[PDB]
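Enquirer: Below is the structure I would like to discuss, written out as structure tokens.
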Amino acid sequence: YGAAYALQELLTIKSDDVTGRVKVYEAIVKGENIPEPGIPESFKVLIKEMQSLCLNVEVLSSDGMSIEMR
Amino acid sequence: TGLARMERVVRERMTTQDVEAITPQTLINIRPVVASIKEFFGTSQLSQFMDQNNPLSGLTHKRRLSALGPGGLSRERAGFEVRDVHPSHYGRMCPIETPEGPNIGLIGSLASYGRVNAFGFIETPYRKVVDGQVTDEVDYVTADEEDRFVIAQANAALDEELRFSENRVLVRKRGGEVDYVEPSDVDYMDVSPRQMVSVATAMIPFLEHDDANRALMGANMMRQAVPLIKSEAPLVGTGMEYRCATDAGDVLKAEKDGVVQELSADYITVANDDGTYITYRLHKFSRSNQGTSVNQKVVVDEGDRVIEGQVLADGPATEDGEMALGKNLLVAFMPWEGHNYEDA
Amino acid sequence: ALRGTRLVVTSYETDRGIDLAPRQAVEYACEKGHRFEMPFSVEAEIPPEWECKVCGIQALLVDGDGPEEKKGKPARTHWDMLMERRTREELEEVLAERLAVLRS
Amino acid sequence: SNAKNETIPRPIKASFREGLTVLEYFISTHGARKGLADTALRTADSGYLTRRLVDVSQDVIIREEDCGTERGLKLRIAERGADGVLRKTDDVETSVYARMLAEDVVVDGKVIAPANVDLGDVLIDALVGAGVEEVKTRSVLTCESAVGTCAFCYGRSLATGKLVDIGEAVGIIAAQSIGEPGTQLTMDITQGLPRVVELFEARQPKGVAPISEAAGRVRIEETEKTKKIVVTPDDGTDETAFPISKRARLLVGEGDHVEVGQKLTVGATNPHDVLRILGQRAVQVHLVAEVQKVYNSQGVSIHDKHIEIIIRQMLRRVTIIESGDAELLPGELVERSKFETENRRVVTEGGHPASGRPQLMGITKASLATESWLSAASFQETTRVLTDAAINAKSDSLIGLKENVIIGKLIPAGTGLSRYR
Amino acid sequence: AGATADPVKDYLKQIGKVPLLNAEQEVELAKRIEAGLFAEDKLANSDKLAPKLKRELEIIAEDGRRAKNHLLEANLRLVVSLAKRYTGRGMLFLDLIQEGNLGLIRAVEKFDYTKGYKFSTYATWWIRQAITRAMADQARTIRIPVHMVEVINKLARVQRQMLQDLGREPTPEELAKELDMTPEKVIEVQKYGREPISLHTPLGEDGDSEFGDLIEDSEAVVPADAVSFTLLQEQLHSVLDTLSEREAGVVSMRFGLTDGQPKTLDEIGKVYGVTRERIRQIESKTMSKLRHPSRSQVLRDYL
Amino acid sequence: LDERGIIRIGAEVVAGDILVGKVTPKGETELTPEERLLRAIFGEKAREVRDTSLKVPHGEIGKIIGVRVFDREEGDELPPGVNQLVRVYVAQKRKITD
Amino acid sequence: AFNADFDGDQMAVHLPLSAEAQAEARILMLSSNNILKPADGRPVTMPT
Amino acid sequence: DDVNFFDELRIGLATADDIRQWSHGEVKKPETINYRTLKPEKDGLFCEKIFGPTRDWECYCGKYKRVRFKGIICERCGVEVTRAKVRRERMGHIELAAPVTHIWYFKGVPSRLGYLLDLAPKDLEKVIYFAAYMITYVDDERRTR
Amino acid sequence: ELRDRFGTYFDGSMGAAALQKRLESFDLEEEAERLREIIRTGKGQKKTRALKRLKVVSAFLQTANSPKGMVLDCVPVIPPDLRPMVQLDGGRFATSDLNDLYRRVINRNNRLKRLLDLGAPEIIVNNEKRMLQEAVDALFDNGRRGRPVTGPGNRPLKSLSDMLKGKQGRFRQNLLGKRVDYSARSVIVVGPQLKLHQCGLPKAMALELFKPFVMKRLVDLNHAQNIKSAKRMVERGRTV
DNA sequence: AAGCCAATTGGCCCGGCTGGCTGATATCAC
DNA sequence: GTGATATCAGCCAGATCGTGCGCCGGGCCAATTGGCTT
Ligand SMILES: [Mg+2]
Ligand SMILES: [Zn+2]
Ligand SMILES: [Zn+2]
């Protein structure tokens, strides 16, 4: 269909965005704008497993600097 | 398997320990045997949680031949040749009743007249015909002996003097191929029609007018009907409702002939002929495995006389002794404002 | 349905708060030049010795003294048991006989 | 049919109204059960095929309005009839409809079909009346766009009836459209869905029919448990020998004359030979026709552009044969863009331009030999992909749809484009 | 060479190359070990002998080390026999064999040949002790000390014997009387020995899930509860605002709303420059004010 | 609920109702400042035991047919570490509906 | 379009939340704007 | 933090320095949980000195128990005071006594170790699993002289 | 015999240490040049072998990777919450099958240290080292080499690799497709009175799907005073 | 008689048992 | 705020003797040998 926002919310703030579920619930209850999605937990679990396999997975920003995902 | 470990332990401890102070009681450790029995009866693919939607479901759960399990084969490894209806299934396994899911062909039902041999093979009965005369001698035949002979058809018009009429009878031959033959080569005949259809497939009226797929669906779908509070035997059924309902074991049957002494919705006490009295209890609003209700009615009265085998109480889905899974409704065939559109 | 819980606890405390109790940074160094600082509550007793989990070595304060600790019980060896059981003269004569047979 | 697939020479002479006898019902149960089992397996087979199709062509999205290319495909319309009067070709709704014209059509100095038009039934009827049989339409196979494809080559969007937008995910639409009718295709030579799986995987067919290589004379050799066809070209070059088995049914006699790609046996041609012998256009036409035959057999209508997307995805790479001095190791498949740019850089301040040959590869290999290790790992063969990427130290730039879906951000398609946001 | 996928077989075939030993051979090996050890100690002593004496001393030390190695290599077979006797119930065969090897090394260290007894029995004692200790210390995911493991094993043995002899499952009272311990102790010992199950055990016939896919996370933040708590905090701050500045301040600094640090009455008086009892008076007044049938209903629901 | 905290036979239950009343101890815990302030307001001393009572799931109704209770101290062969067990039967008649 | 019969079939319902998701579900995925079939361009939302 | 800044995802061959730089502490005992108090055992697979506290704003021994004591390493037990969620993000490491090969770069055909060193898979398997020796150095010049 | 006769002039080793030593003293560019020359001059199967070898030899030549990364000195340990030890009701504990492999690794490493610093014959040390390496291999990939380890019920244990592969791995089951909130499911019937853009939801499903919105709305209309009373009112199923 | 160019076949991998001795902890008390 | 005493846990040792675990299909690579080639 070309619907990117619906997919992004169906994948982040409805399943995995741990800090986003409570924020969206509060936004709906208080009647304001839904907040932007974060980064799902499953990606972090995958990165942790890959690192545990002695693989040097890392995410880079615009410049070649790591983000470290907290 | 349990006794193997038991005797291994027995011999080991007999050899290791002393002698002259040893008795059979202190050599035999029965833990492995009971452990193996418990392991089999629990967490085994062949010891299945029973199906109790209705008497037919329970009866069909038994008489089930499963081709998969410990020591058998696997669902995803079975090919397209083990799921076929081989021409040796006639009278030994139903070709209609099978699951419609990915288990198609790996689970079947024993035919009505099927019997299990001493070695585990399945036999079927045939009436012996000699010199073109259909005698009254029934022989039980297995697959190989069936291949040896030539078998006639159940509904063969006769002159009524136990002799074939048309002189051109359709018969099955060595390879399962059908062919017309004269009434001299024939040596066996089917005991009756519906000798190849299972118990659940023999309760579909006008089965010969139904496609095989629809008959299969109906057979697989008669096992899911729930027992209603008020049962009613079919208006147009087959001859196999009473026998199925009584043989399923969900109908209370008198043990010895007698006269009903006292009767109530909870019990029936009958004074047998030999002087002894016997009281039968009835389930009332029990619960079956599937969450339905098991409730038995009473079909006899205080003054009635009952012979052995007579039905004294109905079952979850029986009406006066015969299977009754549904109700008779006045049906009209027509489209009506789109509320019955597309199978509604 | 199955219900299970890890032996963990959760609290509603905001963590935004208004102010944190003051802390003091105590500095430690490694034998290979690696250095770090540890934050401790001001109401605390500093430990003279720590383990640098960054490099897995024992570390002492920048200006703290260097203590010495002895073995509570030395690991018993074969030789200790040999004195415990065999007498000095027995070992001496055994060694003498062994030397004699070796020379021969 | 029997339990084995073979007709029983004794029919069921009774309809379901008159009622079948016992033996007839038993005989019919055979086909009943076989059909049920085939229906059971078709679901999984089609699901796997559609998953592969989606994986190979996920990142084919429209990213331009027009590339300005003057090239296109010569498509045939209005096949001449037996009465000498032009009759519109049968399969024009799925071949030339919803497509644009690369160049203007002029007959007797009249412009009867301007370039870049939807090319509906009106224009086709006018063209046929004017007396034309060929049209140079624009296809994705011949798109010169620097980035992805462009709307004008793709043409009309069949799902909405207008020009395709500039963020459409045409690859996934093509995959879904090709894969949906899989269950309807009822399963010597493969016939149903397995035939489609064979075609899209660029495999060697079962009944392989060798195709002549050079035009010339043909001679046949006779020997026990073997047969050979020897072709001598008119140019006088070396002979070409094709071996075959005894059962093979011959199609060309001794001493006959053969064409460049004429078949020398009854069977199924393999795509690699036709490619190597007749170029990219011949293999494209062959693949499209072979894929459409299977669907037309069961009366399934699919436009050609959907298959063309997969075909162009399957012909994206070239295999290096001449070492040259372009830093490309011989025998290493390289995307045609990389090969072309390396050759461009080498010809300047360099002497040897590397040369390669077109390579046809299946959907699985093409989708696994991608530039993003995340998508390849998430497709299949995870351990091998990861242990290769780790050693190669590959870096993923997150330019596809699957990567953005995995990490949880806006896909670079539809409304996720920066042009709209 | 020819390493197999069954390391047990390779180890067994590797330990058989060395031959066994005799009583006199063992005695002379022990003599060599002791002589080498004593000579090495004497050399380690500060006093220096002649070079040739030191040379022969080193020679005998090497001979003693070789003798010890040979003795261990010979007793590896006995170690393996004890290990295979103890095989099963938690540990792998090779782990038991290695623990037995350590025990045999200890036995050789702590062995004296003056008794003249066969070396096999002493090493058997030590190997069994080491294997039992290691198995008790490494056979469970949740470790249990040696004494509690002994208690559990004794209880299991007594229960099995009672089941065999009597023919019926023993009730807790019978075990408590036989083992001479309270029934609660028996129940606790029973509950200690259970082994954990896995989260990856399949449960469906198809196999679409695992045993760990239906374990509800009973320690996560339920969004409804979190928003309810936030609304409660906002309502409490709003209600405490209607009070006077002094009363709201004393309540906040008494319950530590702003910093989460409860304070004593005297400190509150110090900041307010009043008596401790006076501060206690203010708190009661506000506490009753909020618990009144005029301001309670705004806070009744949240309780 | 009857004397021992088990629903009465013949009572009609709806989603959220209590079938068996159960209390589980929880021990010492620290409350958030707001909860402690609210308790001080209304003066409701904590009991230190929370509720784990058995309630009908969501979307369930029907009368109570039978209640069967087993006590480990009455000779019943309950598994180890299970002091008591109770089973409640709920029955309902369903009519045909779309 | 759904290939949905009325002999026991089941369907699932999802709820868009944000303004972007609602706009997409309202402008792009609406039921009455999807008459034609993407595969070949023939209507599927037609009396059957 | 914000997925809009994720520019690339780089995968590499981790070395010892990286492995022990990720780790917040070395696990050197096999205990997991105390059988009686059910609390993590020190230096075990579930230790709190390494993988973080098991209770929000609370250390192992219990000296510090409030959010005010935030980001303080309790000198008694070494546990810091912070959210328990950090137990999903902190790695540890084990220091092997002898080196070890990575099964991925040994068995996955083509064996990358074999290709790099030009050793047949059978020979490499013999070497690594202590079935045969291997000459890793030789004095050509000295021996010839 | 060779060592005691010609101990000098060469160094020998066995196990992964030998491979580490070889990788340390490896000249990559020389090997690459030799392979290139063989490719240019030689022909046959040797050419194909050299071409295949150069692909893995060249990678380390230019990129930041080094061969020494193929042999491990220290092994990372995954955070505990990704291998939870949950306590089921009734006291039964459920683990994640990685604690067992990690415990094997740690036990064997500690025993190896004890043997090394205690003094033991080469046979015991070599066997312990082999067991340690097999334990690490089982930790990373289980069943790839030899026979997989098993727990109770004789079913293979799950390793780190098994969590990423297959139809039930992280990539395919938890990342590309997930479970979602604010979702319902039910059987469909036919309504011919609807329009082409309308659907009919049962009021139970609709109420459960829209709970926050209805709570906020009925708080707005003064049908409730606060979200707590609104939630209780919605749960109890009133009329308004 | 040594080395190399092919075919052939086999295999592998991936997709649907007491005992003693000592210090630390706790549990009841002052 | 201490203070006595019981359990709680870890470590060590015994001598006779005892010596060997308990389905299909598809793609690719490697070992073997026939047949050249020198
Ligand atoms: Mg349907
Ligand atoms: Zn273009
Ligand atoms: Zn602390």
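Ordered as shown in the structure tokens, chains take letters A, B, and onward, while each chain numbers its residues from 1 and ligands are numbered from 1 in the order shown.
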May I ask you to write as a list in words all residues lying at most 9 Å from ligand 3, with only C-alpha atoms (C1' of nucleotides) and all ligand atoms counted?
Expert: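 Those residues are residues 58, 59, 60, 61, 62, 63, 64, 65, 73, 74, 75, 76, 77, 78, 79, 80 and 81 of chain H.
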Enquirer: Just the strand (DSSP E or B) stuff from region 167-286 of chain D, please, per backbone DSSP, written as a PyMOL selection string.
Expert: chain D and resi 208+211+216-223+226-233+240-244+257-258+263+268
Enquirer: Kindly save the residues from that selection, with C-alpha atoms included, as a short mmCIF file (atom, residue, chain, number, x, y, z; two decimals), in the first residue's frame.
Expert:
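Output file out_6.cif follows:
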```
data_model
loop_
_atom_site.label_atom_id
_atom_site.label_comp_id
_atom_site.auth_asym_id
_atom_site.auth_seq_id
_atom_site.Cartn_x
_atom_site.Cartn_y
_atom_site.Cartn_z
CA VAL D 208 16.58 -31.15 -21.54
CA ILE D 211 19.74 -26.50 -29.04
CA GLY D 216 25.20 -25.93 -40.86
CA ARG D 217 24.95 -29.63 -41.61
CA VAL D 218 23.87 -32.26 -39.08
CA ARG D 219 24.90 -35.92 -38.91
CA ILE D 220 23.80 -38.67 -36.54
CA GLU D 221 25.97 -41.38 -34.98
CA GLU D 222 24.62 -44.78 -33.94
CA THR D 223 25.97 -46.78 -31.00
CA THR D 226 24.30 -43.77 -26.73
CA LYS D 227 23.51 -41.41 -29.58
CA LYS D 228 25.41 -38.38 -30.86
CA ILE D 229 24.50 -35.45 -33.10
CA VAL D 230 27.46 -33.77 -34.81
CA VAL D 231 26.95 -30.31 -36.31
CA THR D 232 29.38 -28.93 -38.90
CA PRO D 233 28.93 -25.17 -39.42
CA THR D 240 29.93 -29.57 -32.22
CA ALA D 241 28.95 -32.86 -30.58
CA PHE D 242 25.74 -33.31 -28.57
CA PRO D 243 25.20 -36.66 -26.80
CA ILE D 244 21.77 -38.05 -25.96
CA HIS D 257 20.05 -27.84 -42.17
CA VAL D 258 19.75 -26.18 -38.76
CA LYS D 263 16.20 -27.32 -31.22
CA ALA D 268 12.41 -28.22 -22.63
#
```
Enquirer: For the alpha helix (DSSP H) assignment from backbone DSSP, which residues of chain F qualify? Please present them as a list in words.
Expert: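 Filtering chain F to alpha helix (DSSP H) leaves residues 33, 34, 35, 36, 37, 38, 39, 40, 41 and 42 of chain F.
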Enquirer: Pick out the chain F residues within 9 Å of chain B. Count only C-alpha atoms. Give them as number ranges by chain.
Expert: F: 65, 91, 93
Enquirer: Now that the selection is made, can you save its residues with C-alpha atoms as an mmCIF file, in the first residue's frame?
Expert:
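Wrote it out as again38.cif, contents follow:
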```
data_model
loop_
_atom_site.group_PDB
_atom_site.id
_atom_site.type_symbol
_atom_site.label_atom_id
_atom_site.label_comp_id
_atom_site.auth_asym_id
_atom_site.auth_seq_id
_atom_site.Cartn_x
_atom_site.Cartn_y
_atom_site.Cartn_z
ATOM 1 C CA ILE F 65 -23.257 -26.582 40.059
ATOM 2 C CA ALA F 91 -22.855 -24.503 34.046
ATOM 3 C CA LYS F 93 -27.450 -23.116 28.898
#
```
Enquirer: Please check which protein, DNA or RNA residues sit within 12 Å of ligand 2, counting only C-alpha atoms (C1' of nucleotides) and all ligand atoms, and write them as a VMD selection string.
Expert: chain D and resid 62 to 72 100 to 102 116 137 to 155
Enquirer: Which residues, written as an mmCIF file with N, CA, C and O atoms, in the first residue's frame, have at least one atom at most 6 Å from region 14-27 of chain A, with only C-alpha atoms (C1' of nucleotides) counted and residues fewer than 4 positions away on the same chain left out?
Expert:
```
data_model
loop_
_atom_site.group_PDB
_atom_site.id
_atom_site.type_symbol
_atom_site.label_atom_id
_atom_site.label_comp_id
_atom_site.auth_asym_id
_atom_site.auth_seq_id
_atom_site.Cartn_x
_atom_site.Cartn_y
_atom_site.Cartn_z
ATOM 1 N N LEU A 10 2.791 -0.240 14.154
ATOM 2 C CA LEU A 10 2.457 -1.637 14.396
ATOM 3 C C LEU A 10 3.668 -2.454 14.815
ATOM 4 O O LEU A 10 3.502 -3.527 15.401
ATOM 5 N N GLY A 31 -5.433 12.918 26.177
ATOM 6 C CA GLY A 31 -5.914 13.593 24.989
ATOM 7 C C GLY A 31 -4.904 14.540 24.379
ATOM 8 O O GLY A 31 -5.111 15.756 24.379
ATOM 9 N N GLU A 32 -3.807 13.999 23.858
ATOM 10 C CA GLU A 32 -2.794 14.808 23.193
ATOM 11 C C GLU A 32 -2.170 13.974 22.079
ATOM 12 O O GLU A 32 -2.685 12.914 21.709
ATOM 13 N N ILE A 34 0.163 11.549 19.926
ATOM 14 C CA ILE A 34 0.890 10.296 20.152
ATOM 15 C C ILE A 34 2.382 10.559 19.995
ATOM 16 O O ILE A 34 2.785 11.265 19.049
ATOM 17 N N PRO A 40 12.859 -0.838 18.957
ATOM 18 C CA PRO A 40 12.291 -2.022 19.607
ATOM 19 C C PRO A 40 13.321 -2.793 20.418
ATOM 20 O O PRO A 40 14.528 -2.724 20.181
ATOM 21 N N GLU A 41 12.810 -3.538 21.402
ATOM 22 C CA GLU A 41 13.668 -4.337 22.270
ATOM 23 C C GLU A 41 14.260 -5.537 21.540
ATOM 24 O O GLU A 41 15.376 -5.966 21.861
ATOM 25 N N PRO E 223 1.001 -0.402 31.695
ATOM 26 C CA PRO E 223 0.815 1.030 31.402
ATOM 27 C C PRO E 223 -0.355 1.653 32.140
ATOM 28 O O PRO E 223 -0.272 2.819 32.552
ATOM 29 N N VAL E 227 0.033 5.030 34.463
ATOM 30 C CA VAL E 227 -0.712 6.266 34.244
ATOM 31 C C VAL E 227 -1.587 6.576 35.450
ATOM 32 O O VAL E 227 -1.765 7.742 35.819
ATOM 33 N N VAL I 180 0.828 -7.692 18.353
ATOM 34 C CA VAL I 180 0.527 -6.275 18.493
ATOM 35 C C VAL I 180 -0.616 -6.076 19.480
ATOM 36 O O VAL I 180 -1.455 -6.958 19.680
ATOM 37 N N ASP I 181 -0.637 -4.899 20.099
ATOM 38 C CA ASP I 181 -1.708 -4.505 20.999
ATOM 39 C C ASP I 181 -2.870 -3.923 20.200
ATOM 40 O O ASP I 181 -2.805 -3.766 18.980
#
```
Enquirer: Neighbours of ligand 1 within 6 Å, counting only C-alpha atoms (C1' of nucleotides) and all ligand atoms, as a VMD selection string?
Expert: chain G and resid 4 to 9
Enquirer: Write out as a list in words the residues lying within 8 Å of region 19-30 of chain K, counting only C-alpha atoms (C1' of nucleotides) and excluding same-chain residues fewer than 5 positions away.
Expert: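 Listed by chain and then number, they are residues 76, 77, 78 and 79 of chain B; 8, 9, 12, 16, 20, 75, 76, 77, 78, 79, 80, 81, 84, 87 and 93 of chain E.
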Enquirer: Can you write just those residues out, N, CA, C and O atoms, as a PDB file, in the first residue's frame?
Expert:
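File result_28.pdb, as written:
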```
ATOM      1  N   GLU B  76       5.792 -34.970   8.332  1.00  0.00           N
ATOM      2  CA  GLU B  76       6.421 -34.247   7.233  1.00  0.00           C
ATOM      3  C   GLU B  76       7.237 -35.144   6.312  1.00  0.00           C
ATOM      4  O   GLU B  76       7.607 -34.701   5.219  1.00  0.00           O
ATOM      5  N   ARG B  77       7.525 -36.380   6.716  1.00  0.00           N
ATOM      6  CA  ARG B  77       8.304 -37.289   5.885  1.00  0.00           C
ATOM      7  C   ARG B  77       7.440 -38.193   5.019  1.00  0.00           C
ATOM      8  O   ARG B  77       7.924 -38.693   3.997  1.00  0.00           O
ATOM      9  N   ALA B  78       6.184 -38.416   5.396  1.00  0.00           N
ATOM     10  CA  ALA B  78       5.305 -39.254   4.593  1.00  0.00           C
ATOM     11  C   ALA B  78       5.113 -38.644   3.212  1.00  0.00           C
ATOM     12  O   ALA B  78       4.887 -37.438   3.077  1.00  0.00           O
ATOM     13  N   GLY B  79       5.207 -39.480   2.185  1.00  0.00           N
ATOM     14  CA  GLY B  79       5.068 -39.044   0.812  1.00  0.00           C
ATOM     15  C   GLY B  79       3.634 -39.087   0.339  1.00  0.00           C
ATOM     16  O   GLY B  79       2.689 -39.169   1.127  1.00  0.00           O
TER      17      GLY B  79
ATOM     18  N   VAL E   8      35.542 -40.045  24.671  1.00  0.00           N
ATOM     19  CA  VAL E   8      35.699 -41.088  25.681  1.00  0.00           C
ATOM     20  C   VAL E   8      36.485 -42.260  25.107  1.00  0.00           C
ATOM     21  O   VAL E   8      37.397 -42.795  25.749  1.00  0.00           O
ATOM     22  N   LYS E   9      36.137 -42.681  23.889  1.00  0.00           N
ATOM     23  CA  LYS E   9      36.840 -43.797  23.266  1.00  0.00           C
ATOM     24  C   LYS E   9      38.310 -43.466  23.046  1.00  0.00           C
ATOM     25  O   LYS E   9      39.187 -44.305  23.287  1.00  0.00           O
ATOM     26  N   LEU E  12      40.116 -43.631  26.382  1.00  0.00           N
ATOM     27  CA  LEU E  12      40.280 -45.011  26.827  1.00  0.00           C
ATOM     28  C   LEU E  12      41.382 -45.712  26.045  1.00  0.00           C
ATOM     29  O   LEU E  12      42.204 -46.431  26.623  1.00  0.00           O
ATOM     30  N   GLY E  16      45.528 -46.933  27.742  1.00  0.00           N
ATOM     31  CA  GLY E  16      45.916 -48.330  27.798  1.00  0.00           C
ATOM     32  C   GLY E  16      47.330 -48.629  27.352  1.00  0.00           C
ATOM     33  O   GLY E  16      47.814 -49.740  27.585  1.00  0.00           O
ATOM     34  N   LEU E  20      50.539 -51.971  33.535  1.00  0.00           N
ATOM     35  CA  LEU E  20      50.252 -51.974  34.963  1.00  0.00           C
ATOM     36  C   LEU E  20      51.566 -52.085  35.738  1.00  0.00           C
ATOM     37  O   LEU E  20      52.658 -52.007  35.170  1.00  0.00           O
ATOM     38  N   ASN E  75      47.694 -45.868  37.175  1.00  0.00           N
ATOM     39  CA  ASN E  75      46.448 -45.905  37.940  1.00  0.00           C
ATOM     40  C   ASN E  75      45.283 -45.216  37.233  1.00  0.00           C
ATOM     41  O   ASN E  75      44.157 -45.217  37.765  1.00  0.00           O
ATOM     42  N   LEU E  76      45.525 -44.620  36.064  1.00  0.00           N
ATOM     43  CA  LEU E  76      44.421 -44.054  35.290  1.00  0.00           C
ATOM     44  C   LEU E  76      43.302 -45.070  35.067  1.00  0.00           C
ATOM     45  O   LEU E  76      42.120 -44.706  35.049  1.00  0.00           O
ATOM     46  N   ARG E  77      43.647 -46.346  34.872  1.00  0.00           N
ATOM     47  CA  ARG E  77      42.616 -47.353  34.623  1.00  0.00           C
ATOM     48  C   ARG E  77      41.706 -47.533  35.834  1.00  0.00           C
ATOM     49  O   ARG E  77      40.480 -47.629  35.693  1.00  0.00           O
ATOM     50  N   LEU E  78      42.288 -47.593  37.032  1.00  0.00           N
ATOM     51  CA  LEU E  78      41.474 -47.675  38.241  1.00  0.00           C
ATOM     52  C   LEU E  78      40.590 -46.443  38.375  1.00  0.00           C
ATOM     53  O   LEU E  78      39.417 -46.539  38.772  1.00  0.00           O
ATOM     54  N   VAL E  79      41.143 -45.272  38.052  1.00  0.00           N
ATOM     55  CA  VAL E  79      40.343 -44.050  38.098  1.00  0.00           C
ATOM     56  C   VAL E  79      39.137 -44.178  37.175  1.00  0.00           C
ATOM     57  O   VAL E  79      38.011 -43.822  37.540  1.00  0.00           O
ATOM     58  N   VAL E  80      39.360 -44.685  35.961  1.00  0.00           N
ATOM     59  CA  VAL E  80      38.270 -44.837  35.002  1.00  0.00           C
ATOM     60  C   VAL E  80      37.237 -45.833  35.508  1.00  0.00           C
ATOM     61  O   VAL E  80      36.033 -45.655  35.288  1.00  0.00           O
ATOM     62  N   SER E  81      37.682 -46.905  36.164  1.00  0.00           N
ATOM     63  CA  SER E  81      36.738 -47.886  36.692  1.00  0.00           C
ATOM     64  C   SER E  81      35.829 -47.257  37.741  1.00  0.00           C
ATOM     65  O   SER E  81      34.601 -47.426  37.709  1.00  0.00           O
ATOM     66  N   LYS E  84      33.335 -44.824  35.925  1.00  0.00           N
ATOM     67  CA  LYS E  84      32.209 -45.493  35.280  1.00  0.00           C
ATOM     68  C   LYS E  84      31.275 -46.108  36.311  1.00  0.00           C
ATOM     69  O   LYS E  84      30.079 -46.263  36.044  1.00  0.00           O
ATOM     70  N   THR E  87      29.003 -43.165  37.101  1.00  0.00           N
ATOM     71  CA  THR E  87      28.455 -42.447  35.956  1.00  0.00           C
ATOM     72  C   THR E  87      26.968 -42.162  36.141  1.00  0.00           C
ATOM     73  O   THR E  87      26.240 -42.919  36.789  1.00  0.00           O
ATOM     74  N   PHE E  93      30.628 -38.416  31.813  1.00  0.00           N
ATOM     75  CA  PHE E  93      31.630 -39.423  32.145  1.00  0.00           C
ATOM     76  C   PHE E  93      33.021 -38.810  32.257  1.00  0.00           C
ATOM     77  O   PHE E  93      33.776 -39.121  33.189  1.00  0.00           O
TER      78      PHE E  93
END
```
Enquirer: Tell me which protein, DNA and RNA residues are within 7 Å of region 133-141 of chain B, counting only C-alpha atoms (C1' of nucleotides), leaving out same-chain ones fewer than 3 positions away, and put them as an MDAnalysis selection string.
Expert: chainID B and resid 123:130 145:146 162:163
Enquirer: Chain H near chain A within 10 Å: what's each residue's closest atom pair and its distance in Å to one decimal, counting only C-alpha atoms, ordered by chain then ascending residue number, as a Markdown table?
Expert:
```
| residue | atom | partner | partner_atom | distance |
| --- | --- | --- | --- | --- |
| H:1 | CA | A:69 | CA | 6.6 |
| H:2 | CA | A:38 | CA | 6.4 |
| H:3 | CA | A:39 | CA | 6.4 |
| H:4 | CA | A:61 | CA | 9.4 |
| H:5 | CA | A:61 | CA | 5.7 |
| H:6 | CA | A:61 | CA | 5.4 |
| H:7 | CA | A:61 | CA | 4.8 |
| H:8 | CA | A:60 | CA | 5.1 |
| H:9 | CA | A:59 | CA | 4.6 |
| H:10 | CA | A:58 | CA | 5.5 |
| H:11 | CA | A:57 | CA | 4.5 |
| H:12 | CA | A:56 | CA | 4.5 |
| H:13 | CA | A:55 | CA | 5.5 |
| H:14 | CA | A:56 | CA | 4.9 |
| H:15 | CA | A:54 | CA | 7.8 |
| H:16 | CA | A:54 | CA | 9.2 |
| H:18 | CA | A:56 | CA | 7.9 |
| H:19 | CA | A:54 | CA | 7.3 |
| H:22 | CA | A:51 | CA | 9.2 |
| H:86 | CA | A:70 | CA | 9.5 |
| H:88 | CA | A:45 | CA | 8.4 |
| H:89 | CA | A:48 | CA | 7.7 |
| H:90 | CA | A:48 | CA | 9.4 |
| H:91 | CA | A:52 | CA | 8.4 |
| H:92 | CA | A:52 | CA | 9.7 |
| H:93 | CA | A:52 | CA | 9.6 |
| H:102 | CA | A:54 | CA | 8.7 |
| H:104 | CA | A:53 | CA | 9.5 |
```
